[PDB]
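Read the structure below first, then the notes.
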Amino acid sequence: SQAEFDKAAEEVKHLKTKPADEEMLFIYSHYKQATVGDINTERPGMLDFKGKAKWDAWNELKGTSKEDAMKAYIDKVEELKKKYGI
């Protein structure tokens, strides 16, 4: 299905607490593979500040199925929901 993934991405955007950079990264990444696909973009190039993390962390997913990214993202966000909630 799809609704549960937007539900996850939207829910994360409304969580009561902020999860670790790493979580933000797992999300950011799994969200891009789950919806955009493999990183068909330009890695930082200039500064390796926070962007390198998101870009690279997403790149890391080149080869994983949209569905695995989606599925795992849904559940993972669900973890975050049981973990941090509303």
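FYI, nothing fancy with the structure tokens labels: chains A, B, ... in order, residues from 1 per chain, ligands from 1 as they appear.
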
As a PyMOL selection string, which residues of chain A does DSSP assign to helix (DSSP H, G or I)?
chain A and resi 3-12+21-35+50-59+66-84

Give me the residues near stretch 68-71 of chain A as a PyMOL selection string, where near means some atom within 10 Å (using only C-alpha atoms) and where sequence neighbours in that chain fewer than 4 positions away do not count.
chain A and resi 1-2+4-6+8-9+26-27+29-35+37+61+64+75-77

Do a neighbour search on residue A:42 at 12 Å with only C-alpha atoms, toss out local chain neighbours closer than 6 positions, and write the hits as a ChimeraX atom specification.
/A:51-52,54-56,58-59

Store the residues of this selection in a file with N, CA, C and O atoms, as a compact mmCIF listing (two decimals), in the first residue's frame.
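Ended up saving to selection-v2.txt:
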```txt
# COMPACT_ATOMS: atom_id res chain seq x y z
N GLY A 51 24.56 18.07 4.97
CA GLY A 51 24.06 17.64 3.62
C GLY A 51 24.73 16.32 3.25
O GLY A 51 24.06 15.42 2.79
N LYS A 52 26.03 16.23 3.46
CA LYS A 52 26.75 14.96 3.12
C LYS A 52 26.05 13.82 3.83
O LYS A 52 25.86 12.79 3.24
N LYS A 54 22.79 13.51 4.93
CA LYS A 54 21.53 13.17 4.18
C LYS A 54 21.78 12.56 2.76
O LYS A 54 21.26 11.50 2.44
N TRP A 55 22.56 13.23 1.97
CA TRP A 55 22.86 12.76 0.59
C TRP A 55 23.43 11.37 0.61
O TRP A 55 22.87 10.43 0.11
N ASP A 56 24.56 11.29 1.24
CA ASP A 56 25.29 9.99 1.35
C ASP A 56 24.42 8.90 1.97
O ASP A 56 24.33 7.82 1.44
N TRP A 58 21.38 8.67 1.96
CA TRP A 58 20.35 8.25 0.98
C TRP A 58 21.10 7.41 -0.05
O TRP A 58 20.67 6.31 -0.30
N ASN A 59 22.16 7.91 -0.63
CA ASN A 59 22.98 7.17 -1.64
C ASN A 59 23.13 5.72 -1.22
O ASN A 59 22.94 4.84 -2.03
```

Of A:53, A:47, A:24, A:12, the one sitting nearest residue A:86 when using only C-alpha atoms is A:12
